[PDB]
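Participant: requesting a structural model of the entry that follows:
(chains A, B, C and D)
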Amino acid sequence: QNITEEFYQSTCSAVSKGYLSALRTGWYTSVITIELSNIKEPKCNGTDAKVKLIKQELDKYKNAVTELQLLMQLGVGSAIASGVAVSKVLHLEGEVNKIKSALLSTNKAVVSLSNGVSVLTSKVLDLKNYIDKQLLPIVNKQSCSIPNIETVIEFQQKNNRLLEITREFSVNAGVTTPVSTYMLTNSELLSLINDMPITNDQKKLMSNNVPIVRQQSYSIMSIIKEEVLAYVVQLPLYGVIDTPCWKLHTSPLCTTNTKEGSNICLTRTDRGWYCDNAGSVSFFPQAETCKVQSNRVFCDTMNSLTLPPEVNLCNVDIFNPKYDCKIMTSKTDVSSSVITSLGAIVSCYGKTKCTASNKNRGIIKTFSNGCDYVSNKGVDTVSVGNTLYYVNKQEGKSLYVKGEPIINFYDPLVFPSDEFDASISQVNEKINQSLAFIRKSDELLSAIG
Amino acid sequence: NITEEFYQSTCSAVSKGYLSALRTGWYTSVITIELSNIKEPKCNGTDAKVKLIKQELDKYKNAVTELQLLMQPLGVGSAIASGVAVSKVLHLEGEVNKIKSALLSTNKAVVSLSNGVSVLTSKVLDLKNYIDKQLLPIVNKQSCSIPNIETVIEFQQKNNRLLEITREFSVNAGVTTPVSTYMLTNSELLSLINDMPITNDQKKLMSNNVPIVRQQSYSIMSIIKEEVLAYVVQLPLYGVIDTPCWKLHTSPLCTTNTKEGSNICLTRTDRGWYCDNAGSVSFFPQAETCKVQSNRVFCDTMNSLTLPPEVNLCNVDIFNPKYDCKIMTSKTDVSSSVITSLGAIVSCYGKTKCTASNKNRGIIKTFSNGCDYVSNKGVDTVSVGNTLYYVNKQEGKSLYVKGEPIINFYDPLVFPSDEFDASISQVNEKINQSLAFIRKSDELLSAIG
Amino acid sequence: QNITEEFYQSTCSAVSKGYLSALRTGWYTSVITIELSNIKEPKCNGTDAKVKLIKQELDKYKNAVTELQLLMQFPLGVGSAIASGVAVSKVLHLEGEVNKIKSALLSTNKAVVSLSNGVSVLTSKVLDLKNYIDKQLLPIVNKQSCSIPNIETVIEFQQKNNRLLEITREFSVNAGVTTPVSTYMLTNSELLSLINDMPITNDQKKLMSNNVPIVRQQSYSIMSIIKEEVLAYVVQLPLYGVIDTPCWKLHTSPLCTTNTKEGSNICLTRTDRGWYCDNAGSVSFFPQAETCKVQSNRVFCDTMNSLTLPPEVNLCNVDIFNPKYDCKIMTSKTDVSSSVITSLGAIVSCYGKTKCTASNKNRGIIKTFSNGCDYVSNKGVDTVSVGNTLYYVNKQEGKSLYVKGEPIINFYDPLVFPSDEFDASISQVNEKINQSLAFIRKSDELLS
Amino acid sequence: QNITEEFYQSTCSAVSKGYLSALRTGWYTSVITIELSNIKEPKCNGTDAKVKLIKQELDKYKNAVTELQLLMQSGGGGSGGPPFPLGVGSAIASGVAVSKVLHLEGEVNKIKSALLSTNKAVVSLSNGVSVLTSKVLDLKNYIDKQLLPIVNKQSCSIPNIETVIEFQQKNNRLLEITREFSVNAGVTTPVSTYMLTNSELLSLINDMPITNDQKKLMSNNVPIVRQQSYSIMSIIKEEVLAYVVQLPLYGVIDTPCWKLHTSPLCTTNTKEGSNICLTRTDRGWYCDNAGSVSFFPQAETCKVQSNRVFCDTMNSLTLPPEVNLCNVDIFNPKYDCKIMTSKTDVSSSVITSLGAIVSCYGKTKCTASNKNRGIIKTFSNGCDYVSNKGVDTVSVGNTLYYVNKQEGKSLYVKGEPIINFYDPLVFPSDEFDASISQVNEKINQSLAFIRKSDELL
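Facilitator: Numbers count the residues shown, from 1 in each chain, chains lettered A, B, ... in the order given. Structure data below:
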């Protein structure tokens, strides 16, 4: 493999490349079912120790049932419209029954619902069969033939799943992310992925990264009726796979020459993850949304902006004519560090002491005032002020790109020092507007001399 | 049962499993309408029913008048030359009389005409009977009996077919295709199919695909003389049937190696329908010259090429030695899509958006730059740029043939880049030529010592 | 509306601007039904003339029903237009669906119905031959003794049956899919009622309602099923997702040199002629002339017959040598006189001894053309005459402008000009010229 | 359940009306106790398998108790546990106050006596605060009776498998309670069924001193109540474990609410940087509240059921009702509508209660489509609105959004986008926060400077 990183001394930024995309574009929903002997209710004259335990469990099971019935009843959207769509179909009368019939002969079917959706169906727990067979004869009459100890233990363990489904939805109000292991066993998810109408490339991918698939899935609680508990599991579908990705890291760029509170600072405002997606670039500004396993980036495109491919030119030539590169400005000469994919960017301003260091021989570099970068080869920690940032130790090849820090090119009298969201062109229009005051208030003075 | 293979090497796909029905020849039959001779009313009465009956007389008379005017890499065919031959004989002296002689006592007979043209003939409407027995009796006398009201209504209905046949001929120079229920009702068309020198399975074939027969038939106005209207119907004769047909779709195949249009492009040009036929392959290159009902394929051999069965090897290995697969080359860096029988070929080039999507799930593939394929297995639409295509949803078995796109074997500087219809060998002729020059004139530059 | 045209003297091509888009991007399907009576040929042993006329029409109805039962069983791309409406057709083929629509319509003639593959469609009962036959016609003729029918019953049944036969006739020669959707398939009032009931914006309703003929052209009628005494056929209507974006039309004509020795000229023709409409930040390009239909200043096109181009395609009109987009051209040596009549003008390519003329209906010849590519507005011009061909100029009113400049065929050296290129570009010709220059200069340094 | 929505073209913003308030206005706190055994660690020699299992389960019980002691001393749960103009609260401030009273003298004993013949009582504390008090678990009774004569003696008597099993289950709730606390420094949200079973919480809701309408609202929306409730570890002493539970109190109910969605409003009149932008910034939830309008600007301090909006006023501002006049005329006289300006030409879509807002700028593929019909509108540059009338998705670039398919009626209010009235040569585009009037000033300043400057030249 190859993950590489370039550091642009001119812009105090770093682009780390070599990653492969896997972006969520679509959803697949499936219906999961637990089938309950709700009909059950215990009464009998027997009072063995082993009887009490089964009666206690029946109250637990019967409680979870009654509670579950009460519980039944930036770019903005709703993530779970697909699952809620299947949930509302399930409430149509007999739609639940279609599932029961299909799941009579095996525990995994493909039922086509009334809205023309063909969805995987799984029975994952058969509590009606266990109770009605091994339990109901025990506690229906009064002579209440006492069970063996293994039935006390077995019913208790089967009932455990149902109890922690109900615990989950007493605090989640029906919708969880990630979908939990009681919601769906890892073994069941693996069998679901194996049965999904997708490429064999996708199936291998979803199986390799089940933990990621969990975090990007939704459990949506649907119905309890006709002795069936049904909930929808909504899984990610990655339409984009193996396009190039790259991550942008950005730190402030300031003037060190002035030795006061008055200095101009400029920063690339467009950091985050980047992906090629259908002839454009999908950009994820909250890099908190993109999970990375190995060199693969798993993002949900619902959290992206779509940008023209020319945005990549702000990493080559920040002053290019083709893309209006976005920057911010401030007058805060504050030192900080940004740990990158296999390196570290340091901005060191003021009287702060900035260290690069190695766990075998202590301090191995002192930083000048200004913006600098070090590779993760021969550096373990980077210290800025009272902060010790450890550095990522993933293997890869780093590169230092030398250039004049572009903050030097700006003339501090006329610099718009407090631009929150501006660009390279927005800043020059502000500069030239300020020189407009300069020529006009000057040659007005040249009327009397 | 329809199957499909997509060859990724050559950006093409074959749809197998269809059954031939090829137009081998023609069957020409003569259709007669018996007409009373024009007798202008010569009657004075002014009841509204006489006015109405006279009005319909002039529609009839001005229709006989209109028909009197009317009577007086591929090959290049003459479609109705078969039917016109029969029409030409009827124009002869004493031939229309032969039709009358054989049709006094039947509504159908086989008549010998002078040129050895012995053709079946049918009398389909007898207006001379109706006019001379019921109508002009009242209206040809100097003072006219004023008619039945039901005679007014019935005469209009009887005359309707004669008027409509005249209209169809009058706006079509006398030749009509498809053949309508006015030239030939479905009752008579089925009757004629019962009496052709075809095998019974061919009689069944036509009698079930009657719309197809009509589309491929002609109706040639021939003569109006001797109280007789006659026109020639030309019905297709399907002499080769139930033999295997496969359809070849092809799409452009280009390198994406460089950006900014430095690419070379290659496209198979043999796209169309192929059918086994008497030890050869009939090739129909204009997929409109074929119709498809169910898994059947009605093609017209007149628009066909006869190819040796070795042409099929181009689908197996495009660099086979026996057949020289027709290819074209250009630099067309545009995106396109072909809907196959149970899939879609996508040739996504440049920076276009190309996706396959499912109606309930959303985007499920996002194609990379190059030639790919999706099957209708869980795919409902393909979108290329702004164009949205719908895939066929028939039940089928589609196989992806992995291989290397042969546009990469070719060097981008030896490539004859604008050849309309060359072959693999004709290009390798020009690669061999353009190569041989450079090595010589570069080795000629060696001996400057 | 304001229409403008510019003639680019440098590329022998004019661009008409100012049209307004209506690009069909999706389909809507409706199920149109005719409720039938399906009663057998009658046992009434009767002879009166009004009985005979009724029997003739009944066997017309029977034959039409049986005729319908037997019905069932270049840089561009390729699709199936009716694939959307064939979805709904085969939903109907499943038992249960026909009963659904029958229940929804036995009390009212218009409905919204949810078919079981997940589609909600408007459905209409347009003709009810069941209850007419069963209550006016079946009574008197299902008995061996026939009551003689009324005459106005004979006239009316023949009128009602007429639509069923006409729809049968249309389906019978068109394999069961028809375009345009006739007035027998859907009368004008029924269409405007559908348009009202569509879940479309209140603007698209105005567009379709005021362009009913064009909606007919880009629509389909799909014969679907007969059973349960119900005839149903699916009607598929255009949905113009793109509306009122700017559109423009590009006209092109061969641009050649004029120097005189027959067989010693190089030619060069822009090849991107067709319709262009702005569409979702790109340019949809309709290179087939037939596909786009122009009514008023509006251009109706089917997006499935289009190629999507980067917006920089438009720069080919202001600068064919532009850095960004490689403009598509073809070359040759075969130069003939020919004219292209534009939206509000005419391009004349006059070459050789051919005489070329523009003339007014009163002033006679108002222009005589020089050899080479030229233009003339439709202002005070009625006909253009190139050789023995007389073209008429369009008399649409609009403003036009003559962008003067040097024909680019002049810049090219005839002795290296690639004169065979069929589908080439400005840059492809540039590559081939630089190549042929090098070969000649290669042999020059390899003569020394 | 008549949800309706209007879209204002002039300001690029839609309002959903017809929701019902359920506002959290205050807190109810109740004390919950678990009786504990002061059992010393097993004192006997025993090696039977079942003696081992009971010994282990006692250690889990004993360890969990010293763990809970570690919480109640180091800290004790007593903690201090926002956008542009908002305030800053202290959620557990109410509950911790009751937690500290329990550390006083005899307040533990008042409860212990008050919960002797019952397991639910009312205690009036040493400060006059009357709190419901519930004993949920009695481990002292079980450990001392069924469990102590085994461990007490010099040689352990072997227990049953049933005693081994039943103790594992009685012990369980105490351990899970200790787990939750040990991982949260003794303050937990939401309140779990371990902290408080649905049986206990619905019984607790009934006994509370609140209206009948409040009881109905709370007893139905149990998960929302759990999400909005805190559980504060308080004290372990006196052989009693007691923790405070802080429940939301809905003092405002059934008043009308509405939600405002906004999007950028950018001039399309030019190419690339020449465009200038306006955007309303008062988006969020509004509810009529005591003749004022409570504004919830983070719409996710609110949770939404059918028709019903559960907001928390700690994240609210209080506004005069004239604020709604911003949704009929952004240039109104009474209230100064707050906006923001920029030069940011990137497309964006908002999903509303029953519609979609699309801000298509530059060259994005902005599109709204249907499951079975395909694209039913391609947006052109500007700010447009589509309802969910047979609309299932909206695509902006590569991003697919699903429209709300809520059943309701939608109104498109036509108007001139106000961004077209502003002179782009003298327009201010820095404003993180500004009002309509504040922008008119900065334009009055600039245009009146050129009044004087035109004079002198």
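
Participant: can you give me the helices for the stretch 101-250 of chain A?
Facilitator: A:127-130, A:149-172, A:186-194, A:200-208, A:210-215 (DSSP state H, counting those that start in this stretch).

Participant: and the longest one, what's buried?
Facilitator: Read it as helix A:149-172. A:151-152, A:155-156, A:158-159, A:161-163, A:165-172 (16 or more other CB atoms under 10 Å in any protein chain shown). Every C-beta, even on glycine, is put in place using the N, C-alpha and C of the backbone.

Participant: next one: the first one
Facilitator: Residues A:127-128, A:130 are the ones in helix A:127-130 that count as buried (16+ other CB under 10 Å).

Participant: what's the answer for the third one, then?
Facilitator: For helix A:186-194, burial by neighbour count (16+ other CB under 10 Å) applies to A:188-189, A:192-193.

Participant: mind putting those residues in CSV, distance to residue A:416 included?
Facilitator: Formatted as CSV, these follow (distance: CB to CB, whole Å):
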residue, distance to residue A:416
A:188, 58
A:189, 53
A:192, 55
A:193, 53
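
Participant: identify the farthest-apart pair in those residues.
Facilitator: A:188 and A:193 (9.8 Å; CB to CB).

Participant: the residue of the stretch 51-200 of chain A found nearest chain C - nearest residue in space that isn't next to it in sequence?
Facilitator: Across the stretch 51-200 of chain A, no residue is closer to chain C than residue A:116, which sits at 2.9 Å (CB to the nearest CB). In this structure, residue A:116 finds its nearest non-sequential neighbour in residue C:118, 2.9 Å apart by CB to CB, 6 or more residues apart in numbering or on different chains.

Participant: so which residues of the stretch 1-150 of chain A form strands?
Facilitator: Listed in chain order, the strands of the stretch 1-150 of chain A (DSSP state E, counting those that start in this stretch) span A:4-8, A:13-35, A:108-112, A:118-126.

Participant: any idea how far the longest one is from the middle of the chain?
Facilitator: Okay, so that is strand A:13-35. Using CA atoms, centre = their mean, to the nearest Å, the distance from the centre of strand A:13-35 to the centre of the chain it belongs to is 9 Å.

Participant: who's in contact with residue A:295?
Facilitator: Residues near residue A:295 by CB atoms under 8 Å, 6 or more residues apart in numbering or on different chains: A:1, A:3, A:18-20.

Participant: most neighbours out of those residues, which is it?
Facilitator: residue A:19 (23 neighbours; other CB atoms under 10 Å in any protein chain shown).

Participant: ok, now which ones touch that one?
Facilitator: Going by CB under 8 Å, 6+ apart, the list of residues near residue A:19 reads A:3, A:244-247, A:292, A:295-297.

Participant: ok, 10 Å please
Facilitator: A:1, A:3, A:243-247, A:273-275, A:290, A:292, A:294-297, A:341 (CB atoms under 10 Å, 6 or more residues apart in numbering or on different chains).

Participant: what's the answer for residue A:217, then?
Facilitator: A:24, A:27-29, A:83, A:176-179, A:183-184, A:189, A:233-236.

Participant: buried subset of the residues you listed?
Facilitator: A:24, A:27-29, A:83, A:176, A:178-179, A:183-184, A:189, A:233-236.

Participant: mind checking the SS state of the residue in chain A that chain D sits nearest to?
Facilitator: Per CB to the nearest CB, residue A:306 is where chain A lies closest to chain D, at 2.3 Å. Three-state call for residue A:306 (DSSP: H, G, I helix; E, B strand; the rest coil): strand.

Participant: these two touch, right, it and residue A:283?
Facilitator: Yes. The pair residue A:306 and residue A:283 qualifies as a contact (CB atoms under 10 Å) at a distance of 7.6 Å.

Participant: number of residues surrounding residue A:384?
Facilitator: 20.

Participant: across the sheet, point out what pairs with it.
Facilitator: Judged by DSSP bridges, the bridge partners of residue A:384 are residue A:354, residue A:387.

Participant: re the thing from before, farthest pair within the buried ones among the contacts of residue A:217?
Facilitator: Within the buried ones among the contacts of residue A:217, two members stand farthest from each other by CB to CB: A:24 and A:183, at 18.9 Å.

Participant: where do the helices of the stretch 251-400 of chain A begin and end?
Facilitator: A:313-316.

Participant: what sits against residue A:179?
Facilitator: With contact taken as CB under 10 Å, 6+ apart, residue A:179 is in contact with A:32, A:168, A:189, A:213-220, A:231, A:233-235.

Participant: same deal with residue A:289?
Facilitator: Contacts of residue A:289 (CB under 10 Å, 6+ apart): A:216, A:272-273, A:298-300, A:302-304.
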